[PDB]
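Here is what each chain is made of, one letter per residue.
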Amino acid sequence: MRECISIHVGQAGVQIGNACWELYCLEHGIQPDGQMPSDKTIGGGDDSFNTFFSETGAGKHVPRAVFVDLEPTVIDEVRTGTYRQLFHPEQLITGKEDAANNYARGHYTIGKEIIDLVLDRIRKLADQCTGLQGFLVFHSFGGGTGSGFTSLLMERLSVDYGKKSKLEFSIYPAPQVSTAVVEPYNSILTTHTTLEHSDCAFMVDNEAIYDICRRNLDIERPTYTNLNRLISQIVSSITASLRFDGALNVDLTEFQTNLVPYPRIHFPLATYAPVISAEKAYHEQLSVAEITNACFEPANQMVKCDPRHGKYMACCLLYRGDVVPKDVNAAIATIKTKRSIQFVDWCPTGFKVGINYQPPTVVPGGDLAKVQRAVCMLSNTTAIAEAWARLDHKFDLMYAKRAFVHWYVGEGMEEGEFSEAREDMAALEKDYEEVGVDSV
Amino acid sequence: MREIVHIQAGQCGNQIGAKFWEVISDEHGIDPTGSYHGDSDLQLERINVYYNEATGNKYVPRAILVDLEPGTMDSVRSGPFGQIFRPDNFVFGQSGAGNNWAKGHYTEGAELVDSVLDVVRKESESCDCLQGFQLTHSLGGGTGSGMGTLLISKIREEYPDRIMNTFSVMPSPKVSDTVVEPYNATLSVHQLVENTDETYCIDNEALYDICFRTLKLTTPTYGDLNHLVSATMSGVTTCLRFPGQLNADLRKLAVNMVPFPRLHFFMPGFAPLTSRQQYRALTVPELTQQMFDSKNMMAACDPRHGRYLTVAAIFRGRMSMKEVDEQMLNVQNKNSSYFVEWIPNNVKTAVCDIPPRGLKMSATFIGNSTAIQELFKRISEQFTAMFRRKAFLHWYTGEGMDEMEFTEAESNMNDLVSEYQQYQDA
Ligand SMILES: C=C(CC(=O)OC)C(=O)N[C@@H](c1ccccc1)[C@@H](O)C(=O)O[C@H]1C[C@@]2(O)[C@@H](OC(=O)c3ccccc3)[C@@H]3[C@]4(OC(C)=O)CO[C@@H]4C[C@H](O)[C@@]3(C)C(=O)[C@H](O)C(=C1C)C2(C)C
Ligand SMILES: Nc1nc2c(ncn2[C@@H]2O[C@H](COP(=O)(O)OP(=O)(O)OP(=O)(O)O)[C@@H](O)[C@H]2O)c(=O)[nH]1
Ligand SMILES: Nc1nc2c(ncn2[C@@H]2O[C@H](COP(=O)(O)OP(=O)(O)O)[C@@H](O)[C@H]2O)c(=O)[nH]1
Ligand SMILES: [Mg+2]
Ligand SMILES: [Mg+2]
């Protein structure tokens, strides 16, 4: 009951899924073969970790996940990797030809040939759930599959599973690791098409993660592996309330109630601390106050923007590890006196707190130090529209010359879909301005 | 034999309800297995009011446990007195209510409400002369608020001539789980105005402040708040559970406390409340003065900002009845400005010889004060701050509600505030 199905789309979605499921197994004591010697409920159960893992009679704990990509080489690494025995072959779906960084190919030309099979596999997972709560969809904005196929999948999921909640982890493009000039096109197209079908989306700015890895972990040139291990810690903090239970544990859907004031305004800003190397952590024990203070440093945000130049509509603190409410309250009191936190006049100014007691863990051979306590802040700030503005500006520069548009029209798309998508983004930016203006 | 049927709904309702049954089971000499092991016949004289007698001289609470998710009721069943409840009286769903009044009242709650009414009917049919119902719930969530008020309406339909009484926990931004609590509370308060005879207004803001300022609890938990509520609930039901002359049943209590049908929202209070001194003996003057102090009241309203329509005071323990009268008439005559002149002799006093477990003397206060409008004013202000911008409404319109229902609920509670102000100036 309360099961969650994860869907990982394209290279970024799949590789981040690899990092997340590896971390989940370590957090829950699940071996690479799927066995879990602590779970005495063989073949089933209603434990908290059963929201993300089903169980076979042979004692294997199987991720409630589907991996999908339009070319096979990334998922082939899952099929032969360390955690190959975790998944059954039917959960790993590949085509032969990818979307070539072209939204039109992922949504139409190539995606249409595999969408029905993907839905059949998702249905197989859903049929095993006694009370399915919804979906978590991992994908890039910039790739042709991550953009085009995700939006097709989200559209089809709304038809097949009505209003059942769909949450996103979306990889926002960064020039330091980008592979396509047309990523602004793909980002605007998928954001427009998915907007009405997503209940909540956590954007992850690759440049913000890149900068955190360079600054806080002393990594000269972060790789996807560096980025994804940090991303999985943030994803784990967000999903920890679903996979663990406790008396201070606040469910994610309760945070979601505070985080989404209007359907379209559903993009929380995530901030995570502490991100520290083992050589630096060996001296310091970072307190509740220190990690809480770090949540209001813009350098620790998952999306580059300036919340000091926006207004807050919600502020959530998700703690994990050795944390008690007494220390949280004292830390929050200090923050309110010394920090720039302005709310809109129509919402309460308090902070919503959840504490999950199992301490965080790290994958062996990683760069993050294992700490006794961590925190993820989820805030709804109007400042996150700055990320849309940067994308919208790159879109406008290219589209004014119709640069690269022929690649999309050649696959059946019309120029009207570009302008329709761009106008929706303009209205979204104006929506963020409107929500932040004082009442009368 | 005047039986009361008890219902507890939602997280807050079941947590406070479980603690209430723990407390009064100890007072009546009932152990967690349902066996009586006390030493006084006064414990059994009116035990029928809250307990059924099963085979083997065992006592089973006449209690029904309701929730739209199994979590809290699993913890109740695995609790201290969890095995005393009738297993068929656990009625629960799986989807939850998402802190959403519409889900409790119109969608998720409507799927489950008939099963609760089946258990209510079963308990009512085994009553020699049912007097009414008491409901424990919060107004700020979804199940206790939305489904709880749905249950009240359907119970009134099936038992229109019985008394409906609630212990209703009012939300406060200081002890808040979600921002939509003013929405859920405003929708619920209108239901209570129409469909209850007596409602104890328990404000989480007052409970927290008592724990922090008076009890010197630096970090109060919900368990600390529920400890105050269970002690208060035991006090206000003493007249129902032990032999006595005053407010001995729900209807006589309502006739004494409610001069106008919609103004039935009471401010409860308890004394003593002190930091851990603890073994120090308490005197009648000290009980009386504390019981009437705003710091000891649980609705976060200043009674000197309004006027008392009616007051019920219950003293527990061995004490001088003559001395009780002197101090009760003392505070009454010295502060006559705060009692309405057009209801003569509107303060009634009862005394019960059996005190609570750990105290030699205690006092419980039940006030029908026009200052309770401050509570409803606070909720209305918080409601309007969001509704002006239609904030968070999609959670409710997604369940089929229209904005007109919110407008009507807003007008209804402002009307209630205006009604209190009418009699405060009278
Ligand atoms: C069954 C229980 C729960 C329990 O406690 O069992 C685990 C119960 O509460 N029953 C009692 C009862 C009271 C009224 C009506 C019906 C029953 C009673 O008979 C009893 O036992 O009171 C308990 C309650 C105390 O905790 C404590 O309060 C708290 O710290 C506290 C913290 C948070 C919320 C509320 C209280 C208590 C107070 O609260 C009370 C109620 O008196 C507070 O100011 C009151 C004055 C008391 O002198 C003072 C200070 C005590 O120091 C005393 O030594 C003691 C007693 C006499 C405890 C320390 C054990
Ligand atoms: N953080 C992170 N970003 C990634 C990863 N892989 C790709 N990206 C980003 O994703 C964008 C490119 O999209 P991809 O996911 O590689 O493309 P795709 O979804 O497979 O679509 P096609 O290959 O065009 O069919 C660029 O912005 C990359 O920086 C990854 O493993 N981690
Ligand atoms: N005093 C007290 N208040 C509670 C408790 N649990 C929740 N609340 C309050 O109840 C409201 C939330 O409603 P809740 O009962 O959890 O939702 P429900 O399960 O849908 O009925 C908020 O105002 C909380 O502050 C509790 O154990 N004690
Ligand atoms: Mg690819
Ligand atoms: Mg709750």
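Residues numbered from 1 in each chain as written, not as in the entry; some residues may be left out. Chains lettered and ligands numbered in written order. Part of a larger assembly, values for the part shown. Heavy atoms only, no water.

### Quick notes on the overall build of chain A
- From N to C terminus, chain A includes 15 helices and twelve strands.
- Its C-alpha radius of gyration of 21 Å places chain A within 12% of the 22 Å reference for a compact globule of 440 residues.
- Looking at chain A as a whole, 60% of its 440 residues qualify as buried.
- Considering only contacts within chain A whose residues lie at least 6 apart along the sequence, 82% involve residues at least 24 apart. (Helix = DSSP H or I, 4+ residues; strand = E, 2+ residues; numbered from the N terminus. Rg over C-alpha atoms; globule rule 2.2 N^0.38 Å. Buried < 20%, exposed > 50% of the residue type's maximum accessible area, 1.4 Å probe, protein only. Contact = heavy atoms within 4.5 Å.)

### Concerning the UniProt feature "active site" in chain A
- Following the UniProt record, the feature "active site" maps to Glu254 of chain A here.
- Within the fold, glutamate 254 of chain A resides in helix α9 (residues 252–259). (UniProt positions renumbered as here; feature names shortened; annotations may be inferred.)

### With respect to the pairing of strand β1 (residues 4–9) of chain A
All names here are of chain A.
- Burial runs high along β1: six of the six residues are buried.
- On β1, burial covers both faces: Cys4, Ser6 and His8 on one face and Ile5, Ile7 and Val9 on the other are all buried.
- When β1 meets strand β6 (residues 134–140), the two strands line up parallel, connected through five bridges. Residue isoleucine 5 lies in a different strand from β6, and its bridge partner there is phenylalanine 135.
- Sheet topology places β1 next to strand β4 (residues 65–69); four bridges connect them, and they run parallel. Counterpart to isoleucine 7 in the pairing with β4 is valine 66. (Pairing = 2+ DSSP bridges.)

### A short note on the site of ligand 3
Residue and element names in this part refer to chain B.
- If you check the shell around ligand 3, you find 19 residues, and the closest are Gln11, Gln15, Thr143, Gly144 and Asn226.
- Measuring from an oxygen atom of ligand 3, one finds a side-chain N or O atom of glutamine 15 at 2.7 Å.
- Separating an oxygen atom of ligand 3 from a backbone N or O atom of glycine 141 is a distance of 3.3 Å.
- Contact with the protein chains removes 97% of the 570 Å² of surface that ligand 3 exposes when unbound. (Near = heavy atom within 4 Å. Polar contact = N/O pair within 3.5 Å; in protein donor to acceptor, adjacent residues only side chain to side chain. Areas by Shrake-Rupley, 256 points an atom, 1.4 Å probe, with all protein chains shown as cover.)

### Some words on the packing of helix α6 (residues 181–195) of chain B against helix α15 (residues 403–425) of chain B
Residues and elements named next belong to chain B.
- Remark: α6 packs on α15, axes separated minimally by 9 Å, with the N-to-C direction vectors making an angle of 60 degrees. The angle between the axes of α6 and α15 places the two elements in the oblique class. Judged by the twist between their axes, the crossing of α6 over α15 is left-handed. Contact with α6, carried on its side by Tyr183, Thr186, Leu187, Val189, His190 and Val193, involves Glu405, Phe406, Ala409, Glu410, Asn412, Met413 and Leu416 of α15 and no other residues of that element.
- A class-by-class count of the residues in the contact of α6 with α15 yields eight nonpolar, three polar and two charged. (Axes fitted to C-alpha atoms, helices over the stretch in contact; angles between N-to-C directions. Parallel < 35°, antiparallel > 145°, perpendicular 65-115°, else oblique. Left-handed = near helix turned anticlockwise from the far one by under 90°. Nonpolar A, V, L, I, M, F, W, Y, C, P; charged D, E, K, R; others polar.)

### Description of the UniProt feature "binding site: GTP" in chain B
All names here are of chain B.
- Sites flagged by UniProt as "binding site: GTP" map to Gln11, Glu69, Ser138, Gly142, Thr143, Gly144, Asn204 and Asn226. For this annotated set, covering 216 residues, the C-alpha atoms extend up to 22.7 Å from each other, a dispersed arrangement in space.
- Of note, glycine 142 is situated in the loop between β6 (132–138) and α5 (143–158).
- In this view, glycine 142 contacts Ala97, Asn99, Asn100, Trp101, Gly104 and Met147; residues no more than four positions away in its chain are not counted.

### As for the UniProt feature "binding site: Mg(2+)" in chain A
All names here are of chain A.
- The feature "binding site: Mg(2+)", as given by UniProt, occupies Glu71 in the numbering adopted here.
- Relative to the helices and strands, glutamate 71 is located in the loop between β4 and α2 (73–80).
- Accessibility expressed as a relative area gives 17% for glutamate 71, which makes it buried.

### Concerning the sheet that holds β6 of chain A
All names here are of chain A.
- As summarised here, the arrangement of the six strands in space is β5-β4-β1-β6-β7-β8, forming an open sheet in which the pairing is parallel. The sheet is open, and its two edges are formed by β5 (92–94) and β8 (200–205), each paired on a single side. Averaged over all pairs of adjacent strands, the angle between strand axes in this sheet comes to 15 degrees, irrespective of strand direction.
- The pairing of β6 with strand β7 (residues 165–172) spans seven bridges and is parallel. Bridge pairing in β7 links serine 140 to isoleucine 171.
- This element, helix α1 (residues 10–28), spans β1, β4, β6 and β7 of the sheet and lies at about 135 degrees to β1.
- Lying on the sheet, α2 is in contact with β4 and β5; it crosses β5 at an angle near 150 degrees.

### Description of the packing of helix α7 (residues 204–214) of chain B against helix α8 (residues 222–236) of chain B
Residues and elements named next belong to chain B.
- Interaxial distance between α7 and α8 falls to 9 Å at its minimum, and their mutual angle equals 100 degrees. By the criterion of interaxial angle, the relationship of α7 to α8 is roughly perpendicular. In contact with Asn204, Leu207, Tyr208, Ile210 and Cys211 of α7, α8 contributes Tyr222, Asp224, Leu225, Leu228 and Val229.
- Considering only residue class, the contact of α7 with α8 consists of eight nonpolar, one polar and one charged.

### Observations regarding the interface of chain B and chain A
- Counting residues at the interface gives 18 residues for chain B, matched by 21 residues for chain A.
- Between chain B and chain A, a total of about 1700 Å² is buried, with carbon and sulfur atoms accounting for 56% of that surface.
- Area buried by chain B at its contact with chain A is led by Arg389, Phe392 and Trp395 of chain B, which between them contribute 34% of it.
- The interface formed by chain B and chain A holds two salt bridges in total.
- As a salt-bridge pair, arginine 389 of chain B and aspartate 345 of chain A come within 3.9 Å of each other at their nearest N and O atoms.
- The interface formed by chain B and chain A includes twelve residue pairs in polar contact.
- For the side of chain B that touches chain A, the secondary structure elements donating two or more residues are α13 (373–387) and α14 (394–397) of chain B.
- A class-by-class count of the residues in the side of chain B that touches chain A yields eight nonpolar, six polar and four charged. (Buried area = accessible area lost by both parts, 1.4 Å probe. Salt bridge = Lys/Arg side-chain N within 4 Å of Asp/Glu carboxyl O.)

### Thoughts on the site of ligand 2
Residues and elements named next belong to chain A.
- In the vicinity of ligand 2, 22 residues are found, and the nearest of them are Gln15, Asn101, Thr145, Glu183 and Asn228.
- Interatomic distance of 2.8 Å between a backbone N/O atom of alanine 99 and an oxygen atom of ligand 2.
- Protein chains shield 96% of the accessible area of ligand 2, which is 650 Å² for the free molecule.
- Contributions of two or more residues to the shell around ligand 2 are made by α1, α5 (144–160) and α8 (224–243).
- Per element, the largest residue contribution to the shell around ligand 2 is four residues, and it comes from α1.
- Class assignment for the residues of the shell around ligand 2 results in seven nonpolar, twelve polar and three charged.

### What to know about the pairing of β4 of chain A
Residue and element names in this part refer to chain A.
- Counted residue by residue, β4 has five buried out of five residues, so it is predominantly covered.
- Of the two faces of β4, the one carrying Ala65, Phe67 and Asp69 and the one carrying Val66 and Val68 are both buried.
- Judged from the three bridges that link them, β4 and β5 form a sheet pairing that is parallel. In the sheet register, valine 68 faces β5, and the bridge partner there is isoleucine 93.
- Of the crossover connections in this fold, the one passing from β4 over α2 to the parallel β5 is right-handed. (Right-handed = clockwise from strand over helix to strand, strands pointing away.)

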